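K.L.:
This one is an experimental structure. Sequence first:
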Amino acid sequence: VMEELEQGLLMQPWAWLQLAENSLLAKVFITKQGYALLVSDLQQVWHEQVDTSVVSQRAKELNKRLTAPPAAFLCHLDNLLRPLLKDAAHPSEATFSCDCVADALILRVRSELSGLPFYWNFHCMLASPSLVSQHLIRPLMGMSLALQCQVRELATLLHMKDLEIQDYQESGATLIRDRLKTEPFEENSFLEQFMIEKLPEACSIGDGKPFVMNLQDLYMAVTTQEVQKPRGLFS
Amino acid sequence: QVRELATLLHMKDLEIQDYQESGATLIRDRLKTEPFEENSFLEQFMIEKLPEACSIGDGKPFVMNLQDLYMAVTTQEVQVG
């Protein structure tokens, strides 16, 4: 039960949330027996795991007149959350609000469930060091190592193509188009040029949107890897 | 960096295609290189080499390989504010 929620949350991609002119990164895994949420703003991390016991009380207190068992309420919450997290700019009637008092994060979701109120309040506490390392630190290191390996493979392929170009030039032929000539690839020169020129803009984390937009498949792959007697005449 | 290397590979592929169109014949047939496809390369890499490449271990690879980029990123962050 509890382990299933943790595994599902781990094997999930990050999503971008826009609320009150603020940007958050959210991971949500909702099942028929609870849910797991992990939110961040690139400065702090909050986590919240909920079982049906607290749902039976919160869904009533927030929605006084709502008569909904935990299963239906969780299904409605998933239908509310997944469309927004999966893709952006999707029209919806859901609204998000964020607040903090002393050390906890109250995230309020207010939605129109076919023409009726739907209020939910995530009360997320600070994530323990184990959760942060499991979800952000180690996967990012794995992604960086994988990207370095990819860069090395690309450099090897470029060297092979440069050798092919050298052989073609030695053959004595000439190009019908002379504008396509490319200088030989050098790893050190390319690295120095990149660092001097484009590293500033490339490394700009911003509000986290580039991380969600670009590096998600590799992140998911890394997370999935880490989680998994003749005688006489006859003689 | 990977995107730029892919762009350079595409440019070299176009150059090789033009050379072939020019009727050129290579003396060594073993030097022929297959056209580069980003999707095929990515899928092959993820299937084959990612399991052994994305091994954190005790943290030695992190300090052995990616220290310069970390310092550059930190310096840029300090410069920004």
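P.N.:
Received it, and whenever you're ready, just let me know what you need. Numbers count the residues shown, from 1 in each chain, chains lettered A, B, ... in the order given.

K.L.:
The biggest helix by length in chain B and chain A in contact?
P.N.:
Determined from DSSP state H, the single longest helix within chain B is helix B:2-21. Yes. Judged by C-beta under 8 Å from any C-beta of the partner chain, helix B:2-21 comes into contact with chain A at B:2, B:4-6, B:8-9, B:11-16, B:18-19, B:21. For the C-beta atoms, the positions are set from N, CA and C on the backbone; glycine is no exception.

K.L.:
By neighbour count, sort out the buried ones in those.
P.N.:
Buried residues within those, counting neighbours by 16 or more other C-beta atoms under 10 Å in any protein chain shown: B:5-6, B:8-9, B:12-13, B:15-16, B:18-19.

K.L.:
Is it correct that residue A:111 is in contact with residue A:84?
P.N.:
No. Using C-beta atoms under 8 Å, residue A:111 is not in contact with residue A:84; the gap is 10.1 Å.

K.L.:
Tell me which helix or strand comes right after whichever strand or helix holds residue A:142.
P.N.:
Secondary structure assignment for residue A:142, by DSSP states H and E: helix A:138-171. Per DSSP H and E, the first helix or strand lying C-terminal to helix A:138-171 is helix A:187-197.

K.L.:
hang on, the earlier thing: just the angle between the longest helix of chain B and helix A:187-197, please?
P.N.:
If you take axes from the mean of the first three to the mean of the last three C-alpha atoms, to 10 degrees, helix B:2-21 sits at 130 degrees to helix A:187-197.

K.L.:
what's the angle between helix B:2-21 and helix A:138-171?
P.N.:
20 degrees.

K.L.:
What residues of the very next helix or strand once past helix B:2-21 count as buried?
P.N.:
Downstream of helix B:2-21, the next assigned helix or strand under DSSP H and E is helix B:38-48. Residues B:41-42, B:45-46 are the ones in helix B:38-48 that count as buried (16+ other C-beta under 10 Å).

K.L.:
Stretch A:60-80 too?
P.N.:
A:62-63, A:66, A:68, A:70, A:73-74, A:76-78, A:80.

K.L.:
Among those residues, which ones are in helices?
P.N.:
Using DSSP H, the buried residues of stretch A:60-80 in helices are A:62, A:70, A:73-74, A:76-78, A:80.

K.L.:
Quick check: of those, which lies closest to residue B:50?
P.N.:
For these, the residue nearest residue B:50 by C-beta to C-beta is residue A:78; the value is 30.4 Å.

K.L.:
ok, the closest one - contacts?
P.N.:
Contacts for residue A:78 (C-beta atoms under 8 Å, 6 or more residues apart in numbering or on different chains) come out as residue A:30.

K.L.:
The one 5 residues further on now?
P.N.:
The neighbourhood of residue A:83, defined by C-beta under 8 Å, 6+ apart, consists of A:90, A:92.

K.L.:
Surely it is in a strand?
P.N.:
No. Going by DSSP: H, G, I helix; E, B strand; the rest coil, the assignment for residue A:83 is helix, not a strand.

K.L.:
Among the buried ones among the residues of helix B:2-21 next to chain A, find me the one that's closest to residue A:124.
P.N.:
Of all those, residue A:124 sits closest to residue B:6, with 39.6 Å by C-beta to C-beta.

K.L.:
Leaving out the residues flanking it, which one is nearest to that closest one?
P.N.:
Among residues not flanking residue B:6 along the chain, residue B:38 sits closest, at 5.7 Å (C-beta to C-beta, 6 or more residues apart in numbering or on different chains).

K.L.:
residues near residue A:183, how many?
P.N.:
7 (other C-beta atoms under 10 Å in any protein chain shown).

K.L.:
How much space separates it from residue A:196?
P.N.:
Distance of residue A:183 to residue A:196, computed by C-beta to C-beta, to the nearest Å: 17 Å.

K.L.:
circling back to that earlier point, which ones among the buried residues of helix B:38-48 also lie next to chain A?
P.N.:
Contacts with chain A within the buried residues of helix B:38-48, as defined by C-beta under 8 Å from any C-beta: B:41, B:45-46.

K.L.:
okay if I get these as CSV plus distance to residue A:8?
P.N.:
Converted to CSV, those look like this (distance: C-beta to C-beta, whole Å):
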residue, distance to residue A:8
B:41, 31
B:45, 27
B:46, 22
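
K.L.:
Kindly indicate which of these lies nearest residue A:20.
P.N.:
Comparing those against residue A:20 with C-beta to C-beta places residue B:46 closest, at 38.0 Å.

K.L.:
could you measure the closest one against residue A:160, distance?
P.N.:
For residue B:46, the distance to residue A:160 (C-beta to C-beta) stands at 21 Å.
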